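Asker: Structure in structure tokens, see below.
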Amino acid sequence: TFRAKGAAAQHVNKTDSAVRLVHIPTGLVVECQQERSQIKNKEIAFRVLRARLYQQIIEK
Amino acid sequence: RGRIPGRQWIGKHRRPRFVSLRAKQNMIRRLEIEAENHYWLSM
Amino acid sequence: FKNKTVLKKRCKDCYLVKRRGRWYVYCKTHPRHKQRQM
Amino acid sequence: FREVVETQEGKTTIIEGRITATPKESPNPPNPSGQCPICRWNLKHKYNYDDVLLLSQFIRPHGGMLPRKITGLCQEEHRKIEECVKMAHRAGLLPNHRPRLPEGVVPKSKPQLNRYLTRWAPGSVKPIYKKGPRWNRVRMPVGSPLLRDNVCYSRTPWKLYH
Amino acid sequence: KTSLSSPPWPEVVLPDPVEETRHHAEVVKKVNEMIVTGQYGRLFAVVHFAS
Amino acid sequence: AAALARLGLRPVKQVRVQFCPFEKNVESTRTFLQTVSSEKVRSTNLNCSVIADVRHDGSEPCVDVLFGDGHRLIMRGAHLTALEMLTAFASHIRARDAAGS
Amino acid sequence: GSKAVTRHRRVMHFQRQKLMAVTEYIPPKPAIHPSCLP
Amino acid sequence: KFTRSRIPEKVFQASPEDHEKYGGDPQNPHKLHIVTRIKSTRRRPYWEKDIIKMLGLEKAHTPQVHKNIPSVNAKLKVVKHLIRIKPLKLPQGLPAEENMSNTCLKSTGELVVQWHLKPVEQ
Amino acid sequence: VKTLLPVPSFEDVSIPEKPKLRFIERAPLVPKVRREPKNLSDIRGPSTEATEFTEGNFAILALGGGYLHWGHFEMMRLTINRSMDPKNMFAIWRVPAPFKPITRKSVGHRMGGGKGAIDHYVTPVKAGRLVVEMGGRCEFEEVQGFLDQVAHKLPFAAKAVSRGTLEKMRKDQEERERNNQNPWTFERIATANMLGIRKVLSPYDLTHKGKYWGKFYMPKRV
Amino acid sequence: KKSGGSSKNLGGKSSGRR
RNA sequence: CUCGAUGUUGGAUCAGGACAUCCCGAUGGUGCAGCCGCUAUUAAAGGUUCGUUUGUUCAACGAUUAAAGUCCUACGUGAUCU
RNA sequence: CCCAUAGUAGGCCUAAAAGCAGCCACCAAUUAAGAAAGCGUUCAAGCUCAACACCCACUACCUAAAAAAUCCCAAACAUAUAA
Ligand SMILES: [K+]
Ligand SMILES: [K+]
Ligand SMILES: [K+]
Ligand SMILES: [K+]
Ligand SMILES: [K+]
Ligand SMILES: [K+]
Ligand SMILES: [Mg+2]
Ligand SMILES: [Mg+2]
Ligand SMILES: [Mg+2]
Ligand SMILES: [Mg+2]
Ligand SMILES: [Mg+2]
Ligand SMILES: [Mg+2]
Ligand SMILES: [Mg+2]
Ligand SMILES: [Mg+2]
Ligand SMILES: [Mg+2]
Ligand SMILES: [Mg+2]
Ligand SMILES: [Mg+2]
Ligand SMILES: [Mg+2]
Ligand SMILES: [Mg+2]
Ligand SMILES: [Mg+2]
Ligand SMILES: [Mg+2]
Ligand SMILES: [Mg+2]
Ligand SMILES: [Mg+2]
Ligand SMILES: [Mg+2]
Ligand SMILES: [Mg+2]
Ligand SMILES: [Mg+2]
Ligand SMILES: [Mg+2]
Ligand SMILES: [Mg+2]
Ligand SMILES: [Mg+2]
Ligand SMILES: [Mg+2]
Ligand SMILES: [Mg+2]
Ligand SMILES: [Mg+2]
Ligand SMILES: [Zn+2]
């Protein structure tokens, strides 16, 4: 969890909204900061991670 | 280092309160008085 | 030693002994059976 | 009692056992119907850690406790006397029942700290660095809980935790 | 005899009431004779006045 | 038996057990004989002879142990228990073995 | 505040707490302990 | 919800053991009560406050005499936890016109018709 | 000469065709659409149902209130089936499948906006209710090994009991109330409104008599 | 801050009939 | 609680403390031969790098190091600075 | 604590199943010991338990811990008649 990037006034300077997900076996890194809530970011970051790893298993 | 969250005597987490020896005796003393009141209201 | 809340002898050679104010499990046959009360 | 003597004469070791004088119970106990020596003399709930005259009758010459089967004490009083003996040893009230020391061993000087009613062994108790709040205070135990039923001549009961 | 065999406070034996009654009369007569002969100086009293 | 079997009877040459079975103070000696006469204890050293002498002379029981070094161990079980005699017997084995080797 | 049924043991009112202490079970105490009689 | 309390009638049925403990006579019930308030009406529901006023128990530790009748006892049962109930005793009977001014209510519940403020000669 | 004693015979006990516990589903066959209130009283007070043995001789006794969800049923079903002997033991369910709807709002939502959607189903269990009952050609010691293991994994206090132990437990409690030397009891004081104690007590305390507090049951209260 | 849902139950605001 | 004002990221400076210890110390267990590790107990005295990109906290990467610890301090500290 | 021989490696299945992968039976020698309760062996060996003997082990069969950031926190006390 880390602070996002962008012109967003005070909320980012204190709130760790951005979520970074790293899959240890594959090394893929997925980051999402679109939403103000971390949980909202975490879910979409999971969904992108699921989709990217869905291709990896197909490639696997 | 030991502090009660919020106010002491209200809330989900409260400062525990324990019944002393004289606290029990005072309640028993008033219980005996009311028991005798039950007898005198029976006649 | 492995800290434990419940001490159990894992074989016949383990023995319970109370040392330094807490209970211990010692086993000369299998040293991995040694346990410490938490 | 019985003693064991080992003598070596002519490079031959001889082990023999002999019977010494055996003390007998004082005649006419006040409570012959009692099932154990403590209650036969009406001493139940009426002795403390410092009553070494009573405690010395149930200990070995080196300070060890005697078996419950040999003494005939009940299980409840055996544990009471066992803890009282431990507190007597820590209080220095039994100087003639010191542990056996092998030849050539001389104990080193150690600080002398007077103590009594010592429930726990001094070498196995950690300091109370954090006392805690008044509603969760960490207390310092005094005496033994097995002596809670002793006859108290004061209105205030025994305080086992200080 | 153990530490808890007997109460810590020493035993107290009150005087015989038959004998003590005679002793009380002697003390009262002794004090009464002092008043007759005036063997007292300044007197202090404790009075209950106005609650 | 189990404890004595671990130490073995290597430094022991001959064990002689003398007791009068009709007496009332030979129970400890007989118990010592049972432990020594065990197959496990005797299997440690087949060169060690265990002899049980039964007499009706009324004499107090005696146990004679002869080691390879020539030293003799004599334990009189008239007022000794079986456990005490076993511990003394084991202690001498642990010492006579060290002296020989 | 908390509801009637809680996951944790809800702190009782002091008036109720004193009532619980007073109404505790007191087992009968024989004059002479049974182990001291034949 | 906190509402008024219905006391079962079994509570007010004296057992023979109770009579020996308190000395009352079921066949000769006491005619009058001696009701004294020993508890505050504060932190109590308003219906208990009103009944205390009806019984004339506004001031605590002030004895008040009430008749031992079911209607009066019904009010007492509501505030029985705030009062001490004792039977009125008449060792010398009811006061007369001659000794109306020489009466005193002792702490034992006895109303004595003579009060001389003198030690007994016996 | 060691003294031997006769052993009981189980040759008269029949074993059902399905000794193992049946599968329990997360949700009923027809999902419920009418959301229900919290209704915390379903786990408060003594249980008035499933408090007696029916077929078996051994069971798990609930010593407190709580909710059982599908996770607990799988823990009970897998442990009991694995640790039982089907040829001589059988187990049955004394609790129904999860039926009470539980609603959870979306994570991060503020208070308001109606009631959340149904998330899962739970089975309310009161104190003193049997959960799983077992029996067959076995002793209590054989089944007590794993029943206590399952009992300690329940959200409420539980203990493995038998027909004899449960009867002993109830008779011991009745003896405690009979020989209680305390002149004051919770039932006497509460029912008589002594000291005005009902101002701090609950209307349920007239029947619980101080033995129950919330979802908790206190066996030491008389 | 997330946009929440809405209650689908309307009406039911009738007063008592006395 | 504060809107008749309690000044926000990160950095600089100075650091105070916690131990749930990254390194150094003392120990138990091992599928611990040794050399390296894994895990647990104990220990907060001492130490815990320099850089490219990015406003960055992070992260990636380069070269090292006995180690480049996790957190709290009004997300420590703007009447010290940026 | 002490102690352990034997019909027999029961049959069947199985490359092998020998008390201890499955299935069936679960009888019997010896005063005493389950066609085997827990380990183990590729299968066997091997180590225990339930036996006998010895003998008053003459057992409790109710339970369980800890960590935060300025500096622990009244001082103390088990003994003289419950007020
Ligand atoms: K609070
Ligand atoms: K539980
Ligand atoms: K403001
Ligand atoms: K440091
Ligand atoms: K830059
Ligand atoms: K086999
Ligand atoms: Mg913008
Ligand atoms: Mg904008
Ligand atoms: Mg506060
Ligand atoms: Mg203690
Ligand atoms: Mg409420
Ligand atoms: Mg309506
Ligand atoms: Mg309306
Ligand atoms: Mg209408
Ligand atoms: Mg201002
Ligand atoms: Mg800074
Ligand atoms: Mg610092
Ligand atoms: Mg540490
Ligand atoms: Mg620490
Ligand atoms: Mg250092
Ligand atoms: Mg090592
Ligand atoms: Mg800041
Ligand atoms: Mg400033
Ligand atoms: Mg700044
Ligand atoms: Mg066979
Ligand atoms: Mg077979
Ligand atoms: Mg096999
Ligand atoms: Mg079989
Ligand atoms: Mg074999
Ligand atoms: Mg055996
Ligand atoms: Mg202080
Ligand atoms: Mg003060
Ligand atoms: Zn072991």
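Here, A, B, ... name the chains of the structure tokens in the order displayed, residue numbers run from 1 inside each chain, and ligands are numbered from 1 in the same displayed order.
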Please identify the residues whose atoms come within 8 Å of ligand 31, using only C-alpha atoms (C1' of nucleotides) and all ligand atoms, and report them as a PDB file with N, CA, C and O atoms (P, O5', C5', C4', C3', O3' and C1' of nucleotides), in the first residue's frame.

Answerer:
ATOM      1  P     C L  72       5.974   4.112  32.563  1.00  0.00           P
ATOM      2  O5'   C L  72       5.920   3.132  33.814  1.00  0.00           O
ATOM      3  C5'   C L  72       6.439   1.813  33.733  1.00  0.00           C
ATOM      4  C4'   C L  72       6.370   1.123  35.070  1.00  0.00           C
ATOM      5  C3'   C L  72       5.115   1.397  35.881  1.00  0.00           C
ATOM      6  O3'   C L  72       4.019   0.585  35.495  1.00  0.00           O
ATOM      7  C1'   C L  72       7.011   1.692  37.254  1.00  0.00           C
ATOM      8  P     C L  73       2.515   1.085  35.750  1.00  0.00           P
ATOM      9  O5'   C L  73       2.313   0.908  37.319  1.00  0.00           O
ATOM     10  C5'   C L  73       1.441   1.760  38.045  1.00  0.00           C
ATOM     11  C4'   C L  73       2.114   2.299  39.280  1.00  0.00           C
ATOM     12  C3'   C L  73       1.359   3.383  40.032  1.00  0.00           C
ATOM     13  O3'   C L  73       0.380   2.853  40.908  1.00  0.00           O
ATOM     14  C1'   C L  73       3.617   4.035  39.745  1.00  0.00           C
ATOM     15  P     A L  74      -0.892   3.730  41.339  1.00  0.00           P
ATOM     16  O5'   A L  74      -0.372   4.585  42.576  1.00  0.00           O
ATOM     17  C5'   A L  74       0.184   3.953  43.718  1.00  0.00           C
ATOM     18  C4'   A L  74       0.929   4.937  44.584  1.00  0.00           C
ATOM     19  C3'   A L  74       1.826   4.338  45.653  1.00  0.00           C
ATOM     20  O3'   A L  74       3.079   3.926  45.140  1.00  0.00           O
ATOM     21  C1'   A L  74       0.529   6.078  46.591  1.00  0.00           C
ATOM     22  P     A L  75       3.736   2.541  45.622  1.00  0.00           P
ATOM     23  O5'   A L  75       4.246   2.856  47.095  1.00  0.00           O
ATOM     24  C5'   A L  75       5.150   3.922  47.341  1.00  0.00           C
ATOM     25  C4'   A L  75       5.272   4.200  48.817  1.00  0.00           C
ATOM     26  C3'   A L  75       5.525   2.986  49.693  1.00  0.00           C
ATOM     27  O3'   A L  75       6.886   2.599  49.718  1.00  0.00           O
ATOM     28  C1'   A L  75       3.779   4.267  50.623  1.00  0.00           C
TER      29        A L  75
END

Asker: Give me, as a Markdown table, each residue of chain I that comes within 12 Å of chain A, together with its shortest interatomic pair and the distance in Å at one decimal, counting only C-alpha atoms, with rows ordered by chain and rising residue number.

Answerer:
| residue | atom | partner | partner_atom | distance |
| --- | --- | --- | --- | --- |
| I:106 | CA | A:39 | CA | 10.7 |
| I:107 | CA | A:39 | CA | 7.8 |
| I:108 | CA | A:39 | CA | 7.6 |
| I:109 | CA | A:37 | CA | 10.7 |

Asker: Please identify all residues of chain D having at least one atom at most 9 Å from any atom of chain C, considering only C-alpha atoms, and return them as a list in words.

Answerer: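 In the required form, that comes to residues 120, 121, 123, 124 and 125 of chain D.
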
Asker: So that I can check the surroundings of residue 93 of chain H, please list as a PDB file with N, CA, C and O atoms, in the first residue's frame every protein, DNA and RNA residue that reaches within 10 Å of it, counting only C-alpha atoms (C1' of nucleotides) and ignoring chain neighbours fewer than 6 positions away.

Answerer:
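Saved result, part_24.pdb, follows:
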ATOM      1  N   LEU H 111     -45.133   1.960  72.199  1.00  0.00           N
ATOM      2  CA  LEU H 111     -45.617   3.284  72.571  1.00  0.00           C
ATOM      3  C   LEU H 111     -45.972   3.258  74.051  1.00  0.00           C
ATOM      4  O   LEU H 111     -46.964   2.640  74.447  1.00  0.00           O
ATOM      5  N   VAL H 112     -45.165   3.924  74.866  1.00  0.00           N
ATOM      6  CA  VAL H 112     -45.375   3.958  76.307  1.00  0.00           C
ATOM      7  C   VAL H 112     -46.212   5.181  76.655  1.00  0.00           C
ATOM      8  O   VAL H 112     -45.941   6.290  76.180  1.00  0.00           O
ATOM      9  N   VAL H 113     -47.247   4.976  77.473  1.00  0.00           N
ATOM     10  CA  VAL H 113     -48.147   6.067  77.837  1.00  0.00           C
ATOM     11  C   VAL H 113     -47.635   6.887  79.008  1.00  0.00           C
ATOM     12  O   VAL H 113     -48.231   7.920  79.334  1.00  0.00           O
TER      13      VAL H 113
END

Asker: When DSSP works through the backbone of this structure, what residues of chain A end up as strand (DSSP E), shown as a PyMOL selection string?

Answerer: chain A and resi 19-22+29-32

Asker: If you run DSSP on the backbone here, which positions in segment 142-197 of chain I get helix (DSSP H, G or I)? Please write them as an NGL selection string.

Answerer: :I and (142-151 or 163-178 or 186-191 or 194-197)

Asker: One number please: atom CA of residue 20 of chain I to atom CA of residue 145 of chain I, in Å, one decimal.

Answerer: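 The value is 17.2 Å.
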
Asker: Please, which residues have at least one atom within 10 Å of an atom of ligand 10, using only C-alpha atoms (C1' of nucleotides) and all ligand atoms, listed as a VMD selection string?

Answerer: chain D and resid 83 118 to 120 141 to 146 160
